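Chemist: So that we are looking at the same thing, I have put the structure below in structure tokens.
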Amino acid sequence: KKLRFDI
Amino acid sequence: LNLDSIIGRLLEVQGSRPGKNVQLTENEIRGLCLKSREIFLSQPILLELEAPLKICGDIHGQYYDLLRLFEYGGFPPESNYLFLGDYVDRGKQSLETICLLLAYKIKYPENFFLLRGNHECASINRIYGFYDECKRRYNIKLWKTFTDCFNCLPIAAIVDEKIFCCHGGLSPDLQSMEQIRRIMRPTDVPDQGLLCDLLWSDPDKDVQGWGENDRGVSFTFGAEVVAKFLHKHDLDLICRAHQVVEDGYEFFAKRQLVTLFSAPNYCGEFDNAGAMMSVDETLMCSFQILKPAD
Amino acid sequence: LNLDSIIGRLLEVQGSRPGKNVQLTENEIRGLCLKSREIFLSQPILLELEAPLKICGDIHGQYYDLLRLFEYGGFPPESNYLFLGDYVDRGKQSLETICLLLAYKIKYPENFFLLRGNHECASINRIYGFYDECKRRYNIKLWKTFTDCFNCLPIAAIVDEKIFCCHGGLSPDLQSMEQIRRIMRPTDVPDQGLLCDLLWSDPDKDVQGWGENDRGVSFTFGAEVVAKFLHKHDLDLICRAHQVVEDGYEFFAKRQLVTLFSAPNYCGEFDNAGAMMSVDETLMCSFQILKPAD
Ligand SMILES: [Cl-]
Ligand SMILES: [Cl-]
Ligand SMILES: [Mn+2]
Ligand SMILES: [Mn+2]
Ligand SMILES: [Mn+2]
Ligand SMILES: [Mn+2]
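Protein chains in written order, with the authors' numbering: chain C, 873 to 879; chain A, 7 to 300; chain B, 7 to 300.
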């Protein structure tokens with residue numbers, strides 16, 4: 873439920 | 007104001023040869039400008055949104071790429087949207103672009119948001135081909151009306167109190183998040199000061215602190231400034247556009263900041279792709295890409 | 007400040023292939039800027055000259071044509087000079103041009119005068135190739151210094167209480183000749199108002215009164231406005247530039263106004279000639295012409 877990023 | 011009709015004639019050219027114009031009446035366009043200008047003012051100059059929502063950077067008049075952009079992420083209100091400015095200029099069809107956008111801002115005032123890019127200013131509108139577009143298809147007076155609408159656009163948005171968004175970047179003068187809220191509209195975009203920097207500034211790997219901007223206006227900031235800022239306001243990301251990037255998205259300050267550019271082949275001089283940042287309720291960000299053409 | 011040395015290296019390329027650069031030190035150039043900026047301020051914003059003197063319009067960076075221009079009418083102090091602005095931008099060699107001019111303004115502060123064209127403004131300097139020239143040959147900081155010098159330029163000149171001179175033209179707000187003198191320097195060139203119009207406005211045969219300007223800034227005025235103005239202030243002529251003309255000089259309001267353009271082939275897109283107005287003590291005006299090249 874917090875900030876992270878995909879690939 | 008027949009909003010639905012307008013949107014209808016606009017979406018109608020969806021996939022019908024590159025650059026098929028859609029000519030609304032100048033009276034319809036004023037409607038879009040004035041009734042949206044109303045909305046922009048009643049809403050805060052510093053927005054506060056919440057996921058999920060798609061985010062987009064510069065569109066710069068490339069209307070058919072704006073269509074693909076919705077065609078890919080979903081036309082409203084299927085998806086919530088935040089656009090980071092630079093809607094007109096350089097592209098072939100600024101008129102259709104800004105109209106479709108001002109229309110959706112009126113139709114879904116709460117699931118569709120628009121910020122102000124540096125090109126949402128009469129100082130450069132005139133020059134880089136938007137004023138020319140109006141003059142060619144309509145008249146000077148109408149362009150003078152857009153610049154009264156742009157002058158009332160929001161400057162920045164803070165998604166879920168974690169992501170901070172604006173067209174350009176940070177400013178030596180942006181210390182208090184209230185300094186943004188104190189900005190009175192309607193207003194022109196100055197040469198110096200906070201407001202200017204928010205729409206002009208750039209990231210720079212090689213810069214340490216605040217350096218000169220190659221644009222001849224505002225500054226450039228380094229990765230230190232980013233971190234020291236994300237830490238002073240408990241933010242985890244900075245999302246901005248303003249600069250062409252090869253892949254459509256590009257990281258800086260080690261993913262502490264991302265740059266979004268939504269117009270493939272910025273001028274047919276780049277062969278770059280366009281990107282859009284999907285942000286689900288959990289703050290899990292993904293990058294839907296609009297490849298160019300080979 | 008070694009003024010003579012500077013002028014020397016500048017005039018040295020006189021007739022030595024088209025576009026042979028002259029690279030002064032950035033320190034020499036600051037000298038030219040600051041010591042002339044001094045002169046501009048101590049002198050009135052609304053000059054009052056007297057014949058004889060040659061008058062010139064836009065030079066726009068075409069340095070070798072500025073040489074021919076002196077080569078034809080005489081290098082100072084042989085002839086007195088009034089230039090109507092637009093010194094930099096578009097041309098190939100804005101740097102040499104503005105330097106030679108700022109130099110003569112310092113050497114002969116009383117036999118050499120420079121007004122302010124619309125292109126003597128950072129708002130368009132940046133765009134139309136002057137800021138780029140600085141950035142390429144020197145640095146951003148230096149360009150930022152020119153715009154501090156331009157911001158102190160004179161706006162208009164009245165030769166012998168009969169000829170009224172400025173880059174653009176008249177303004178709906180110019181009723182009192184004092185409104186010009188009340189203008190405080192240093193100052194930017196605004197979007198609206200008196201100062202702007204003085205550098206932007208145009209004559210128009212088809213216009214009656216005050217019409218919209220195709221430039222997207224300021225107005226256009228008609229032949230009535232000219233006469234009604236020359237009569238309200240007991241003037242017999244209006245001399246201005248700002249607009250390309252085929253022959254170098256062009257009459258309007260039936261010789262009640264003349265337009266001077268001193269740069270042949272404004273961009274290699276005109277094949278137009280350049281003109282310069284000789285004015286002997288009797289107010290007998292002649293037009294020395296610098297033909298292009300066939
Ligand atoms: Cl840009
Ligand atoms: Cl011009
Ligand atoms: Mn931009
Ligand atoms: Mn842009
Ligand atoms: Mn001009
Ligand atoms: Mn000009």
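Note that beta-carbon positions come from the ideal geometry of N, C-alpha and C, so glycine has one too.
Does the beta-carbon of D203/B, which I'm using as the reference point, lie nearer than 6 Å to any heavy atom of ligand 6?
Modeler: Position 197 of the third sequence, counting from 1, holds the residue named residue 203/B. Result no, Cβ not under 6 Å from ligand 6.
Chemist: Using the three-state DSSP reduction, which class does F76/B fall into: helix, strand or coil?
Modeler: Locating residue 76/B in the third sequence gives position 70, where the first residue counts as 1. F76/B: helix per DSSP, three-state reduction.
Chemist: Out of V28/A, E167/A, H239/A and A279/A, which one is the CA nearest neighbour of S182/A?
Modeler: Within the second sequence, numbered from 1, the residue matching residue 182/A stands at position 176. It is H239/A whose Cα lies nearest to the Cα of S182/A.
Chemist: Between which residues of its own chain and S100/B is the CB-CB distance below 6 Å, once the five residues before and five after are set aside?
Modeler: Against the third sequence, residue 100/B aligns to sequence position 94. So the list reads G67, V94, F136 and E139, once near-sequence residues are dropped.
Chemist: Consult DSSP for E34/A and reduce its assignment to one of helix, strand or coil.
Modeler: Walking along the second sequence from the start, residue 34/A turns up at place 28. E34/A: helix per DSSP, three-state reduction.
Chemist: Any chance the CB of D64/A is under 6 Å from a heavy atom of ligand 4?
Modeler: The residue you call residue 64/A lines up with position 58 of the second sequence. Checking every heavy atom of ligand 4 against the Cβ of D64/A, one is found closer than 6 Å.
Chemist: In the DSSP output, what is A163/A paired with across the bridge?
Modeler: Walking along the second sequence from the start, residue 163/A turns up at place 157. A163/A pairs with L53/A and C171/A.
Chemist: Looking at the C-beta of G222/A, does it have a partner C-beta in chain B at a distance below 7 Å?
Modeler: In the second sequence, the residue the question calls residue 222/A occupies position 216. Cβ-Cβ to chain B under 7 Å: yes for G222/A.
Chemist: Within its chain, find whatever has a CB closer than 8 Å to the CB of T288/B; leave out the 5 residues flanking it on each side and keep chain order.
Modeler: The count along the third sequence starts at 1 and reaches residue 288/B at position 282. Here the set comprises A57.
Chemist: Counting contacts by CB-CB distance shorter than 7 Å, is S268/A in contact with chain C?
Modeler: Translated into the one-based positions of the second sequence, residue 268/A becomes position 262. No, no contact with chain C.
Chemist: Does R132/B get closer than 7 Å to chain A when you measure Cβ to Cβ?
Modeler: Residue mapping note: residue 132/B aligns to position 126 of the third sequence, counting from 1. With 7 Å as the cut-off, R132/B counts as an interface residue toward chain A.
Chemist: Quick one: grab the DSSP three-state call for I112/B.
Modeler: Position 106 of the third sequence, counted from the first residue, corresponds to residue 112/B. Correct three-state label for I112/B: helix.
Chemist: When you compare each of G174/B, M282/B, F118/B and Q249/B to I161/B by their alpha carbons, which one comes out closest?
Modeler: By 1-based counting over the third sequence, the position of residue 161/B is 155. It is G174/B whose Cα lies nearest to the Cα of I161/B.
Chemist: Give the DSSP-derived three-state secondary structure of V285/B in the structure shown.
Modeler: Stepping through the third sequence from its first residue, residue 285/B is reached at position 279. In this structure, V285/B counts as strand in the three-state DSSP scheme.
Chemist: List in chain order the residues whose CB is within less than 7 Å of at least one heavy atom of ligand 2.
Modeler: So the residues near ligand 2 by this Cβ test are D92/B, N124/B, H125/B and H248/B.
Chemist: Can you grab the Cα-Cα spacing for the pair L205/B / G123/B, in whole Å?
Modeler: As a working mapping, residue 205/B is identified with position 199 in the third sequence. As a working mapping, residue 123/B is identified with position 117 in the third sequence. Going from the Cα of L205/B to the Cα of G123/B covers about 6 Å.
Chemist: Report yes if the CB atom of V264/A is closer than 7 Å to the CB atom of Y272/A, and no otherwise.
Modeler: Translated into positions along the second sequence, residue 264/A becomes position 258. Translated into positions along the second sequence, residue 272/A becomes position 266. It is not a contact, given that the beta carbons lie outside the stated cut-off.
Chemist: Do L180/A and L200/A count as a contact pair if the criterion is CB distance below 7 Å?
Modeler: As a position in the second sequence, residue 200/A is number 194, starting the count at 1. As a position in the second sequence, residue 180/A is number 174, starting the count at 1. In contact: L200/A and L180/A (Cβ atoms closer than 7 Å).
Chemist: With distances taken Cα to Cα, identify the nearest neighbour of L52/A among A109/A, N86/A, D166/A and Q29/A.
Modeler: For the purposes of this step, residue 52/A is taken as residue 46 along the second sequence, with counting starting at 1. Among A109/A, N86/A, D166/A and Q29/A, the Cα nearest to that of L52/A belongs to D166/A.
Chemist: Can at least three beta-carbon pairs, one atom from the segment 140 to 155 of chain A and one from the segment 32 to 47 of chain A, be found at a separation below 8 Å?
Modeler: Touching, yes, given that three or more Cβ pairs across the two stretches are closer than 8 Å.
Chemist: Could you round the C-beta distance between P270/A and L296/A to whole angstroms and report it? I think they count as a contact, below 8 Å.
Modeler: Along the second sequence, read from residue 1 onward, the residue named residue 270/A stands at position 264. Along the second sequence, read from residue 1 onward, the residue named residue 296/A stands at position 290. With 8 Å as the limit, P270/A and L296/A qualify as a contact, their Cβ atoms being about 6 Å apart.
Chemist: How should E230/A be labelled, buried or exposed, when 16 other C-beta atoms within 10 angstroms of its C-beta is the threshold for buried?
Modeler: Looking up residue 230/A in the second sequence gives position 224. The residue in question, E230/A, is exposed, as its Cβ has fewer than 16 Cβ neighbours within 10 Å.
Chemist: Using 7 Å as the limit for Cβ to Cβ distance, is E77/A near chain B?
Modeler: The count along the second sequence starts at 1 and reaches residue 77/A at position 71. By this cut-off, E77/A is not an interface position.
Chemist: By Cβ distance below 7 Å, which residues in the same chain neighbour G228/B in space, the five residues on each side in sequence not counted?
Modeler: What you label residue 228/B is simply residue 222 of the third sequence in a count that begins at 1. These residues qualify, in order along the chain: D210, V213, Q214 and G215.
Chemist: Give me, in chain order, the residues of the same chain whose beta-carbon lies closer than 6 Å to that of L108/A; leave out the 5 immediate sequence neighbours on both sides.
Modeler: As a working note, residue 108/A is residue 102 in the second sequence. Only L38 and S42 meet the Cβ criterion.
Chemist: Based on the DSSP output, what are the partners of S292/B in its beta bridges?
Modeler: Residue 292/B sits at position 286 when you count from the first residue of the third sequence. Bridge partners of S292/B: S284/B.
Chemist: Answer yes or no: does any C-beta atom of chain A fall closer than 7 Å to that of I146/B?
Modeler: Counting from 1 along the third sequence, the entry for residue 146/B is found at position 140. Taking Cβ atoms only, chain A reaches closer than 7 Å to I146/B, which makes this a yes.
Chemist: Since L90/B and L121/B should fall inside the 8 Å C-beta cutoff, what is the C-beta to C-beta distance between them, to a whole number of angstroms?
Modeler: For the purposes of this step, residue 90/B is taken as the residue at position 84 of the third sequence. For the purposes of this step, residue 121/B is taken as the residue at position 115 of the third sequence. Right, the Cβ-Cβ distance comes to about 5 Å (below 8 Å), so this counts as a contact.
Chemist: Thinking just about the alpha-carbon of each residue, which of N86/A, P50/A, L106/A and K60/A is nearest to the one in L16/A?
Modeler: On the second sequence, residue 16/A is found 10 positions in, with the first residue counted as 1. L16/A has its Cα closest to that of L106/A, out of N86/A, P50/A, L106/A and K60/A.
Chemist: I'd like the list of long-range same chain contacts for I65/A, defined as Cβ closer than 6 Å, with 5 residues on each side in sequence excluded.
Modeler: Numbered from 1 along the second sequence, position 59 holds the residue referred to as residue 65/A. Result list for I65/A: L72, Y93, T103, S268 and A269, in chain order.
Chemist: Among the residues of its own chain, which have a CB less than 8 Å from the CB of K141/B, if the five just before and after it don't count?
Modeler: Position 135 of the third sequence holds residue 141/B. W149, listed in sequence order.
Chemist: Taking the alpha carbon of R188/A as the point to measure from, which residue in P50/A, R36/A and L9/A has its own alpha carbon closest?
Modeler: Reading the second sequence from its first residue, position 182 is the one you call residue 188/A. Taking only the C-alpha atoms, the option nearest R188/A is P50/A.
Chemist: Looking only at its own chain, which residues have a Cβ that is under 7 Å from the Cβ of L7/B, when we skip the five neighbours before and after it?
Modeler: In the third sequence, counting from the first residue as 1, residue 7/B sits at position 1. Around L7/B: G37 and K41.
Chemist: Just grab the DSSP bridge partners of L88/A for me.
Modeler: As a first step, residue 88/A is located in the second sequence; it is residue number 82 there, counting from the start. Partner(s): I61/A and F119/A.
Chemist: Less than 8 Å between the CB atoms is what I'm expecting for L30/B and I12/B, so what's the real figure, rounded?
Modeler: Numbered from 1 along the third sequence, position 24 holds the residue referred to as residue 30/B. Numbered from 1 along the third sequence, position 6 holds the residue referred to as residue 12/B. 6 Å between Cβ atoms; contact.
Chemist: CA-CA distance, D203/B and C172/A?
Modeler: Translated into positions along the third sequence, residue 203/B becomes position 197. Translated into positions along the second sequence, residue 172/A becomes position 166. Answer to the nearest angstrom: the Cα atoms are 34 Å apart.
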